[PDB]
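Peer 1: Below is the sequence, then the experimental coordinates.
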Amino acid sequence: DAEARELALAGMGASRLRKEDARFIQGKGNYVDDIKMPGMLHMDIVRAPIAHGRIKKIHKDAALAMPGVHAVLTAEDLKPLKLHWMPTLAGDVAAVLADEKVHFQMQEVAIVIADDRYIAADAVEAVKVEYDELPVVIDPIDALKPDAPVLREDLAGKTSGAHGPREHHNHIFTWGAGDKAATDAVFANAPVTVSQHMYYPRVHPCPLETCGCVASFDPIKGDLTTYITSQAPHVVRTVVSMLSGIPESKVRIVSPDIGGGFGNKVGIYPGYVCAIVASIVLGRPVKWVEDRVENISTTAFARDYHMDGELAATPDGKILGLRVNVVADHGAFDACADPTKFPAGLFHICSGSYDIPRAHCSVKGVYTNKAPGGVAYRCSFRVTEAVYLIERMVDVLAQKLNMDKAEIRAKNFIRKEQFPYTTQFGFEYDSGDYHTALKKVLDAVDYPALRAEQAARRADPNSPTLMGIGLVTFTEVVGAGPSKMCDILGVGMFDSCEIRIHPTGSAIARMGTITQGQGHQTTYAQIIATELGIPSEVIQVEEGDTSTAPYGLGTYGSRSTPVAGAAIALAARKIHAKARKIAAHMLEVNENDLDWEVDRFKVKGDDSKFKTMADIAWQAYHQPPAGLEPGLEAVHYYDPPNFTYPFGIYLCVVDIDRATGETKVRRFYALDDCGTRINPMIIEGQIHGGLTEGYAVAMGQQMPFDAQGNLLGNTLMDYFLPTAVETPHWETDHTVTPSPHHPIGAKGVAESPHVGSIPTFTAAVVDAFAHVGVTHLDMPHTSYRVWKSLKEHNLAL
Amino acid sequence: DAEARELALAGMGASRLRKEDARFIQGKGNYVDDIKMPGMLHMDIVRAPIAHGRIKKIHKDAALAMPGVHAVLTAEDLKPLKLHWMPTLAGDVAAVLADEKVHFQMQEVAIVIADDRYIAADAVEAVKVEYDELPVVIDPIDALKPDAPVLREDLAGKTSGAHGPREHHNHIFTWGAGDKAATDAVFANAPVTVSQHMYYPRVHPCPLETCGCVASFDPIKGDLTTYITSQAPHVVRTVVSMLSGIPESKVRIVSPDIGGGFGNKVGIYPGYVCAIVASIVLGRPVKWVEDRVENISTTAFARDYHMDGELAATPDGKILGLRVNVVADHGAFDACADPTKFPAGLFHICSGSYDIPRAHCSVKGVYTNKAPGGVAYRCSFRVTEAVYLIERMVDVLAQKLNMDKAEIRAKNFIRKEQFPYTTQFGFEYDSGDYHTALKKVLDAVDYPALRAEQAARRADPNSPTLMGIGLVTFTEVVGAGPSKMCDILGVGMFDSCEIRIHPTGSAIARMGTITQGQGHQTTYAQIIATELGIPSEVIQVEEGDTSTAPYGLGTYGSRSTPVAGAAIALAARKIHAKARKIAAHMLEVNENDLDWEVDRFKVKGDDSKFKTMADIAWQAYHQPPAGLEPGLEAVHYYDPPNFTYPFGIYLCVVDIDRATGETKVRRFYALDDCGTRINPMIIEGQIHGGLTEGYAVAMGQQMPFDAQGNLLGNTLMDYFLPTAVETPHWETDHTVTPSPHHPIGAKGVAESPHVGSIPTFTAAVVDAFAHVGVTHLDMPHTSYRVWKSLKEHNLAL
Amino acid sequence: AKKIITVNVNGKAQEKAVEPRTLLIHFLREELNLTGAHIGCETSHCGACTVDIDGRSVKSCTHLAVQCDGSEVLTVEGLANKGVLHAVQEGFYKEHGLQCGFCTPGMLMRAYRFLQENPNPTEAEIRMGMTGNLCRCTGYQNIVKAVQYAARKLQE
Amino acid sequence: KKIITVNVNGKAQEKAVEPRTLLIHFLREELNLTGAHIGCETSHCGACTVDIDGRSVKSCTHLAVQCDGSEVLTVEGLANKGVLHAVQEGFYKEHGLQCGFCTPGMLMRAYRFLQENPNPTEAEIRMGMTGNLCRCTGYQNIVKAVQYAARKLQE
Ligand code: PCD
Ligand code: PCD
Ligand code: FES
Ligand code: FES
Ligand code: FES
Ligand code: FES
């Protein structure tokens, strides 16, 4: 019966069905473009046709005279409000509407307000703009050249930025971590050494639902309400208040249902600011919803890292040192989402799952005539890059030593007894058990049989296909929080939760995070359910409304379970401590004479004497025990003591068609360990989604630019997104290594599948060519690009 | 800069303009009938044409066939849900839809749901109902006769009710307070003894906006949302939850802008229950908005007390004892709003502003064929009746002893030094200073000169008008709260407040009360402004939404300032203590090296070292000092230690036309003392409204029934409401005697003008006839009634 | 059968089709969402539904929408010009002439017209001139002050 | 403008439309049937899929005017008297949705595909759902959702 009562809760560990499904499966979800307000007008944006050039003149008359058009605003209308530029999370400034010149193609130059989106589109076509083209900067290396054109004329004469000194006009910053002296010394004396250059191409999160907002400033009440596709509504509110002068309490930002974010919706885009301004000016609602081409072309991109990795080791394979140098392309304006003190995110986590004694990494940011971004698409703040770098280097080292790729990892892994482990870069890994997981994966796929099949195939020079085996053993770092080192525009990276129990036993809870499909409305309810003995089904959770939810930092970097999940458990526990106190008063015994059993406090010894949470809730409203306030609720803001470090072990087997360059994923096995699991069903869905993004990135995605800086393949015509046919069947597995410092031992996990799968795909592809001396092949592993390599290494046909 | 900084806050004591006005003066308020939802249908009610009778048959076919009509429901459709009867705040039950019989004219018999209100009204007329008339009961005394018809056949066989044993089938309860034996002993031998019967007529609160709601059950999400004219939305949510089976967390009740409540909107009316049920059945929004005739006829009435007062005294006017007996007319079902332990409210406060050593009261409630109610219209839970009884009795005593009416009061007043004073009934009056306040009023209106003028007119037999001087010195009891003593359906009568300070310094605040026009959105902000040094203009307050506001008991009995006002100050002080802790950390000094000066914490001895609330707010979000959670907010549930006891001295001069019987109010002076005053401008408005209601009750309002039970004058055709022409110019005054136990010393005041002015008007009219031996005249004092008295006493023309 | 009509409300043409029995108050509230005007009775006493029709103060609950085809109707939503409150709205605000706000839109529309009929009204004239509007909250005292305020502002 | 009469979810809708009005905007803007979504301008995503005259069609590449006399079914019309359609139940039971943006289109497609092929193999399902993109699920649970609906439809 105690087990029956626990089961009935549908709390921690259960694979319960989602509470939010009902509305979505019936078309009753509420996304930004579903909103219609009285007197709502529509906005469209006139975008730059060229990548770089001065603005001679903008013709507004033809558009203005067009029936149905209410206004055409340019940067000149934004100047009095000091809004033609806006601060970015990276400490730089970004143009809202191009003023003296355009820095990237598709950049926002002007806006039009019309009766609807149809007339609005027509108005944009009627707005003519004259430009004087300037030479375009596309390659980061060419950008640092002495004679390179000045992209940021607004930064002229400056010698420093928000992240240190600047050595050139197109140089943004240089950041490093680790011991350079020690590392240099190791490499100088190391017996075995390897070094590889690799490009992590620029790709785009491309959420199915694009960015948008319905901005409504009410001149009567003097306040602003903005429904927006934001992954951080509370900071947006704080920023919007600052930039507009409207007192914060009078600004209400609400993230309704969002059709996927994937890091694309963390920052503030020029479209939002313009809509807000237009609404303030016209005194009525203004809706802005971008098209797919605008989303890919101008919203936050991911990656674009040019990396030079080096590994020092001994002949038996033990890694002695790690040295990395990177050139980062941040586009025209540095709007890279990151905690204020990390211009390159947590890239210094590149020591991986290995006990490397010495290490150093240096990252150099550079401006180019491209759209801003860098941190998005499940990157965990440059962790995607760090893992790709280390895993690729380990593979190169293994190939040079003719050492098995799994064996070199097992030998270098941080051991279970070394946790909490402090790396050469300073991170304190919370817990792990990499060895156990590796063995589990290797046995499941029969690794030795795989290697033997591969050996038998390579032996036959007439085999029509190449067999590749990729293996990645990674360590993630998620839960951006310690306010001491992590902050967004000055706000510490904590999070919160408020829970209120009603007189009849059910409850409502609000957090500072904001789901975009990851199931918080179900999972958050489960955490609280186990903490209070109230079925998750009646614990109603909400997020996204700054006027009702406790202040939080939103959801990105898989911080929800680590940061908010902790605040949820702690807020529930405050309520539990009061409930024990009330139960003791009702049972006329002392608190210490009580035992909590699933959903009730029972007197030690006598089982018949007990009080449920329902009984306690009513008592709290009926008559509070002496010294206590009526009610049963709690609030908690959690400033995390450390990050959470989930891990994984992925293996991919691929077969490459030698006649066409086509790569077919034969099998993919993914083991993730994110500690205590809240809902296995929901975790599985996150993994499936992340592995699919991984496949898309490694095998088909890219954002090429021609010599004139025009973005090629910025629509679904060429920008790769796999369908059910291209997506392989995923095999998942797991282990449970709890985070010691977390209230419920739960680590984040949503980005792990993306971070780890990308290098697993490259590993498998390169491994297919390893026997002919191939150490690396840059993504995407397109049939076109792979065929090119087949031809280079005489393996075609 | 100190005095200026405090002034800029516009906090405590400031007559700052209202924050609410902006929307209301531009027609942007949001009242129940302004609401329009997708798929919303309209509901109208088929009402009883007779006062008492059996329901033979209801005809639904013609109405159902009518185009636009979706459904016609009766008690039969409610039975399966156990909703044909509903529990009331008085512990009795009330019919939602007449089942076997009707208990009062205009009672709810059936409901129709249609496309709009026009079709719905047509549908009502189409529904034919056949009845079997039964003998009517309209007089309370006739109701208790042996042969009197059985009204409540549903409780046949019950010998006890919710408030003790029942002696007759039409007898509801008998309640008493004070020392019976001691009181009887004083009266048995006292040298001076007076007795007086008086009727406190049944009147109606008649708020300009009638009752209504928009019920919306969403079958997709499974939750209920209903916008309603409720003065206690949280209590309604709990009750609706339990009656419907829908988990409370999935029930959202929201009181939007309410066009006046005046106690008329505290309870749940069958109309609300029906709309909710119809919405559940139809799976769509249902709107119900009653017409004026329905409001006056079926919603909560006020008074209807038949009282017999007695006073025992010595020849110098010193009161020795008080004995009262009352017969209460509660209508068909007892739905009288009151804490569960007080079926006669706080009527035992009838000892008034006088030190009476022995007293006893007894109230007997009885059933009659009329609408439920009793407590409403600014009564503070029968205080109106209590004050009217004692003040009329004191006048009667003064007239028998031929003693001045002001003098006899100054003789019996509780002395200032006697506070906190415990009355003969057990109330502990918090504070007071009646003598000082009385002297102020007497001098202000030149009382002796008024008496001199009155003496002159009385001398000339041919003076065309009678002069009457009325004086009332009353003590109120407001702030229903001590949970051990007061509860609404089991819920302790506490209240709450939650304040959240934003990173930039402004804030949002929500309380468990709900304004209906008394200015909470302005005043509440002022309390917080002074406590935290944040201008009230940027402290946004909201009430009414059960999903966002902390649980409270609502607004009635002038409880907001006493209970919520306390919760607000304490919640703010919780934030202020944390702000100090933070300021000390920033200033690197000990907490008590700090001084609070208006809006900042400064270092003692060093004016240059300080931190403002804005500085602190930012720090709370940026980097919390060790051992503190990030953020800056608090919630507080206040269970009051005692009620609040404001007082007042009211004087009115009337001139009665001997030829027509019409009374003209020459002057009305009102002094109120509600302790610390939050906003004088707002207080003055509440006084004007209250005094006007009093004039309405004493001079023109009534709800007469004919022998058949038909309610006469139930529309504005005859139900009296004064216009600007009839309303006299009010003169207001005040003294400040704070409540010692209240966090800011503020007492409630809103009901004072209503409670005190009524007996003041009667006192003036009766005093006009005093010279011919008139001791009392029953209200209303209309020209017609006053003329009948002029005629009866040979004073006509 | 519904009659097609065009009524000018706040200077804007409102083309609709309504049954002849449609009261103007419901037309404004239900058809145009101009929910400022309110309903407080069914006997024509309260004046909460007062709007300005063709230059005169009229209780819209006692007038047919179909009798307004081509008329000039003014509602509280149209008093403010370019955001600046009309003297009448400013008067009610500055003098605390409103509490619950229900009778307010009607009071404002009546005061707007009253001040044109009588630019310099005495208190008695104000009380009498506003006599068709009932208020449950204010006691009227501040409302006459509000009207006096507006009367003064219009002359300056 | 052309006056048309479209049967949307069993109810006749006579409206005046501009020829250039895409069916997706007509449904979302004129009828407020916001279940159908927009995820691209090139006709690839299929988040706008609705059933028209017995076939799955991407409403963003069809004009509202072409629907004069047509039978259109959107996700709001799948549930019958509040009882979920097998495809809605399958997606819910098998966790076939996360952000829910591609869901209405996926459901409308699956609704027709299961009539085109009642006993589909996994390969046939993946191929049969090729016109619909999803960024959250990785498609695996969607395949299971459709399989669940297939079993329930032949039950
Ligand atoms: N241990 C554990 C963990 C976790 N979980 C679950 O799972 C989920 C998730 O979680 P996490 O991991 O914590 O995460 P989040 O925070 O929530 O999320 C976020 C992520 O998530 C992902 N995925 C996804 N999905 C979806 N559907 N949608 C989206 O949008 C998205 N996005 C993406 C990203 S990109 Mo960034 O932003 O670049 O940084 S970061 C990210 C939730 O429900 C939870 O509860 C569990 O159960 N258990
Ligand atoms: N000391 C002091 C006190 C007070 N105050 C203010 O004044 C007001 C008021 O308050 P009170 O006194 O506390 O009260 P309340 O609670 O708020 O209220 C209630 C009342 O209120 C009155 N008035 C009025 N008004 C209006 N406008 N509306 C309304 O509705 C009404 N209602 C009525 C009644 S009837 Mo019962 O329910 O039969 O019991 S109760 C009653 C507010 O704002 C407050 O804050 C100040 O300032 N100070
Ligand atoms: S609603 Fe009362 S006069 Fe018009
Ligand atoms: S302000 Fe409420 S009726 Fe006038
Ligand atoms: S919106 Fe993408 S196919 Fe229709
Ligand atoms: S569930 Fe989000 S795109 Fe499919």
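Peer 2: Now that the structure is in, tell me what you want to look at. Numbering: from 1, shown residues only, chains lettered A, B, ... in the order given. Ligands and ions are numbered 1, 2, ... in the order given.
Peer 1: neighbours of the residue of chain C found nearest chain B, just the number please.
Peer 2: Across chain C, the shortest distance to chain B (C-beta to the nearest C-beta) belongs to residue C:36, at 2.0 Å. C-beta: built from backbone N, CA, C; applies to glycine. As a burial measure, residue C:36 scores 27 neighbours (other C-beta atoms under 10 Å in any protein chain shown).
Peer 1: Tell me which residues touch it, please.
Peer 2: Residue C:36 makes contacts with B:26, B:27, B:28, B:29, C:75, C:76, C:77, C:105, as judged by C-beta atoms under 8 Å, 6 or more residues apart in numbering or on different chains.
Peer 1: just checking, the first one touches residue C:78?
Peer 2: No: Residue B:26 sits out of contact with residue C:78 when judged by C-beta atoms under 8 Å, with a separation of 9.5 Å.
Peer 1: who's more crowded, these two?
Peer 2: Remark: of residue B:26 and residue C:78, residue B:26 carries more neighbours, 24 against 21, as counted by other C-beta under 10 Å.
Peer 1: who's in contact with the more buried one?
Peer 2: Residue B:26 neighbours (C-beta under 8 Å, 6+ apart): A:220, C:36, C:76, C:77, C:79, C:80, C:85, C:89.
Peer 1: how close does the third one get to chain A?
Peer 2: Which is residue C:76. 12 Å (C-beta to the nearest C-beta, to the nearest Å).
Peer 1: What about that residue, how many residues nearby?
Peer 2: Residue C:76 has 30 nearby residues by other C-beta under 10 Å.
Peer 1: Look up the closest residue to the most centrally placed residue in chain C, ignoring the ones flanking it.
Peer 2: Residue closest to the mean C-alpha point of chain C, counted by C-alpha atoms, centre = their mean, is residue C:109 at 2.8 Å. Nearest residue to residue C:109, sequence neighbours excluded (C-beta to C-beta, 6 or more residues apart in numbering or on different chains): residue C:50, at 4.8 Å.
Peer 1: and residue A:510, what are its phi and psi?
Peer 2: phi -130, psi 140 (degrees, to the nearest 10).
Peer 1: Surely it is in contact with residue A:547?
Peer 2: No: applying C-beta under 8 Å as the test, residue A:510 and residue A:547 come out as separate, 10.7 Å apart.
Peer 1: residue boundaries of the strands in the stretch 651-797 of chain A?
Peer 2: A:663-673, A:731-734 (DSSP state E, counting those that start in this stretch).
Peer 1: and the gap between the single nearest residue of the stretch 501-650 of chain A relative to ligand 6 and residue D:99?
Peer 2: Nearest residue of the stretch 501-650 of chain A to ligand 6 (C-beta to the nearest ligand atom) works out as residue A:517 at 5.3 Å. Taking C-beta to C-beta, to the nearest Å as the measure, residue A:517 falls 3 Å from residue D:99.
Peer 1: Any chance you could list residues touching both of the two?
Peer 2: Joint contacts of residue A:517 and residue D:99 (C-beta under 8 Å, 6+ apart) are A:258, A:259, A:260, D:136.
Peer 1: quick one: the second one and residue A:29, what's the gap?
Peer 2: Summarising the geometry, the distance separating residue A:259 from residue A:29, computed by C-beta to C-beta, is 8 Å.
Peer 1: the more surrounded of the two?
Peer 2: residue A:259 (28 against 24).
Peer 1: Am I right that that one is in contact with residue A:212?
Peer 2: No: between residue A:259 and residue A:212 there is no contact under C-beta under 8 Å: 10.0 Å.
Peer 1: can you give me the helices for the stretch 601-750 of chain A?
Peer 2: Remark: helices assigned in the stretch 601-750 of chain A by DSSP state H, counting those that start in this stretch are A:613-622, A:680-699.
Peer 1: just the angle between the longest one and strand A:663-673, please?
Peer 2: Using axes from the mean of the first three to the mean of the last three C-alpha atoms, to 10 degrees, one finds that helix A:680-699 and strand A:663-673 are set 140 degrees apart in direction.
Peer 1: who in chain C is up against ligand 2?
Peer 2: For chain C, the residues in contact with ligand 2 (C-beta under 6 Å from any ligand atom) are C:99, C:100, C:137.
Peer 1: Break chain C down into its structural domains.
Peer 2: Domains of chain C are assigned by curated CATH domains as C:2-75, C:80-155.
Peer 1: So chain A: which segments form each domain?
Peer 2: A:1-135, A:136-203+A:301-377, A:204-300, A:434-477+A:644-797, A:478-643.
Peer 1: Can you give me the first-to-last residue distance of the longest one?
Peer 2: In other words, domain A:434-477+A:644-797. 40 Å (C-alpha to C-alpha, to the nearest Å).
Peer 1: Pull the distance from that domain to the chain's centre.
Peer 2: 19 Å (C-alpha atoms, centre = their mean, to the nearest Å).
Peer 1: Over to the second one?
Peer 2: Shown here is domain A:136-203+A:301-377, whose average C-alpha point lies 19 Å from the average C-alpha point of the whole chain (C-alpha atoms, centre = their mean).
Peer 1: Pull up the distance across it, start to finish.
Peer 2: 27 Å.
Peer 1: Could you check which residue of chain C lies nearest ligand 2?
Peer 2: Taking C-beta to the nearest ligand atom, chain C has residue C:99 as its residue nearest ligand 2, at 3.3 Å.
Peer 1: what about stretch A:246-266, near chain D?
Peer 2: Yes: remark: stretch A:246-266 sits within contact range of chain D at A:257, A:258, A:259, A:260, A:262, by C-beta under 8 Å from any C-beta of the partner chain.
Peer 1: residues touching the fourth one, list them.
Peer 2: Contacts for residue A:260 (C-beta under 8 Å, 6+ apart) come out as A:207, A:208, A:209, A:516, A:517, D:98, D:99, D:101, D:135, D:136.
Peer 1: a markdown table please, covering the residues you listed and showing distance to ligand 3.
Peer 2: Formatted as a markdown table, the contacts of residue A:260 follow (distance: C-beta to the nearest ligand atom, whole Å):
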| residue | distance to ligand 3 |
| --- | --- |
| A:207 | 51 |
| A:208 | 51 |
| A:209 | 47 |
| A:516 | 49 |
| A:517 | 50 |
| D:98 | 52 |
| D:99 | 49 |
| D:101 | 47 |
| D:135 | 55 |
| D:136 | 54 |
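Peer 1: Can you flag which of these belong to helices?
Peer 2: For the contacts of residue A:260, not one is inside helices, with DSSP state H as the criterion.
Peer 1: Can you tell me which residues in chain C are near chain A?
Peer 2: So chain C meets chain A at C:33, C:83 (C-beta under 8 Å from any C-beta).
Peer 1: which residues sit in contact with whatever residue of chain C ends up closest to chain A?
Peer 2: Using C-beta to the nearest C-beta, residue C:83 is the residue of chain C that sits closest to chain A, at 5.6 Å. With contact taken as C-beta under 8 Å, 6+ apart, residue C:83 is in contact with A:219, A:283.
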